[PDB]
Amino acid sequence: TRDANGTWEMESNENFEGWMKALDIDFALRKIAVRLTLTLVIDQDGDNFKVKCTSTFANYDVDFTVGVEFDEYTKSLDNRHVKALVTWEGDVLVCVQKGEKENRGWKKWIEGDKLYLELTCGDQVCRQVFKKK
Ligand SMILES: *C/C=C/c1ccc2c(c1)C(C)(C)c1cc(N(CC)CC)ccc1-2
């Protein structure tokens with residue numbers, strides 16, 4: 001479905017390390033990140049999205065409108081400037097972040113009370129699954 005609203009709790013997280021390594025995240029912050037609980041809160045009204053990812057130590061919040069390019073500065077991730085664009089490819093929510101890294105972005109599939117998330121950077125894909133709280 002297109003409706004991604006909800007509080008989403010992580011069920012699984014595969015190749016998180018490899019993805020963070022492809023983004024050049026400090027080996028320090030990687031070790032912290034693998035231990036922290038991650039809650040994904042999405043607020044969706046029409047084309048307008050507010051996404052908040054929250055750990056005990058890190059917040060990653062981004063707001064966007066589907067179909068409208070936006071400049072992004074990944075301050076609490078790898079601290080790069082990208083040109084981001086989120087679109088629908090059928091029911092798949094796709095994000096393409098143009099910049100230094102190739103193949104960079106993420107795809108979200110909402111299947112009922114499950115959310116599947118693939119994050120990509122270079123030749124690395126991290127695969128996550130959340131359950132609606
Ligand atoms: C639809 C999901 C997109 C998206 C963008 C940015 C991040 C995420 C998902 C998370 C939840 C995978 C995430 C986690 C983090 N750290 C903790 C807050 C871990 C590296 C940063 C950015 C994003």
Side-chain angles (χ1 to χ4, degrees), residues 1-13 15-16 18-101 103-133:
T1 172
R2 264 137 193 255
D3 194 4
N5 276 288
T7 303
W8 297 93
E9 295 294 351
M10 178 169 270
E11 262 176 327
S12 78
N13 186 17
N15 194 33
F16 193 49
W19 170 71
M20 289 190 290
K21 205 164 70 190
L23 297 164
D24 304 303
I25 301 296
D26 201 294
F27 174 91
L29 312 188
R30 309 216 299 264
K31 184 201 261 243
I32 295 331
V34 281
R35 301 197 320 93
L36 292 200
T37 298
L38 188 293
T39 300
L40 173 75
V41 183
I42 294 152
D43 294 311
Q44 173 186 356
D45 189 79
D47 302 299
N48 293 332
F49 280 72
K50 297 163 167 318
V51 188
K52 307 134 205 92
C53 322
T54 38
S55 42
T56 36
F57 281 65
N59 308 310
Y60 187 93
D61 300 336
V62 65
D63 300 344
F64 56 83
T65 301
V66 172
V68 179
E69 189 182 36
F70 60 107
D71 279 21
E72 203 179 2
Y73 299 85
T74 54
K75 304 303 299 173
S76 41
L77 189 51
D78 61 313
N79 190 33
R80 290 195 169 86
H81 176 211
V82 296
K83 309 302 216 297
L85 180 60
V86 187
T87 54
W88 294 103
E89 274 170 30
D91 294 298
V92 187
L93 192 61
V94 186
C95 181
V96 171
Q97 290 160 327
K98 288 165 165 214
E100 174 54 22
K101 297 291 166 158
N103 284 329
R104 169 177 199 159
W106 54 256
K107 300 188 184 185
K108 219 189 272 307
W109 294 259
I110 309 87
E111 313 246 2
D113 40 46
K114 268 69 165 180
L115 192 148
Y116 294 84
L117 175 62
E118 289 188 8
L119 305 123
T120 64
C121 184
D123 53 3
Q124 300 299 312
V125 181
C126 164
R127 284 191 187 79
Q128 307 184 338
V129 181
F130 301 76
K131 192 176 46 62
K132 195 140 86 142
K133 176 154 170 162

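Residue numbers start at 1 and run along the sequence shown. Just so it is clear, the values below take in all heavy atoms, side chains as well, and ignore hydrogens, waters and symmetry mates. Order of listing sets the numbers, starting from 1, for every ligand and every atom in it.
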Asker: Using a strict threshold of under 4.0 Å (side-chain N to carboxylate O), is an ion pair present between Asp63 and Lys50?
Answerer: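 Yes, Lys50 and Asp63 are salt-bridged.
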Asker: For the residue pair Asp61 / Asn59, report whether a side-chain donor-acceptor contact shorter than 3.5 Å exists.
Answerer: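 Checked: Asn59/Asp61 side chains show no N/O donor-acceptor pair below 3.5 Å.
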Asker: Hey, are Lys131 and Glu9 close enough for a salt bridge, meaning a charged N less than 4.0 Å from a carboxylate O?
Answerer: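 No salt bridge links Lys131 with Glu9.
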Asker: Do any heavy atoms of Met10 fall under 4.0 Å from ligand 1?
Answerer: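 Per 4.0 Å heavy-atom rule, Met10 does not contact ligand 1.
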Asker: I'd like the name of whichever of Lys108, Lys107, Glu118 reaches closest to atom 3 (C) of ligand 1 through any heavy atom.
Answerer: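 Answer by nearest heavy atom: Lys108.
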Asker: Using a strict 4.0 Å cut-off to heavy atoms of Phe16, name the atoms of ligand 1 that fall inside it.
Answerer: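 Listed by number with element, the hits are 19 (C), 20 (C).
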Asker: With a cut-off of 4.0 Å, which atoms of ligand 1 are near a heavy atom of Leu117?
Answerer: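 Contacts of ligand 1 toward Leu117, numbered from 1: 1 (C), 2 (C), 9 (C).
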Asker: With a 4.0 Å heavy-atom cut-off (strictly under), which part of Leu38 contacts ligand 1: side chain, backbone, both or neither?
Answerer: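 The answer is the side chain of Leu38.
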Asker: Determine whether a donor-acceptor pair (N or O, by modelled atom type, separation under 3.5 Å) exists between the side chain of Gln44 and the backbone of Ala4.
Answerer: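 Flag set: sc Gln44 to bb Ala4 pair under 3.5 Å.
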Asker: With a 4.0 Å cut-off on N to O distance, would you call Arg80 and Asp24 a salt bridge?
Answerer: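 Here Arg80 pairs with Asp24 in a salt bridge, since their nearest N and O are under 4.0 Å apart.
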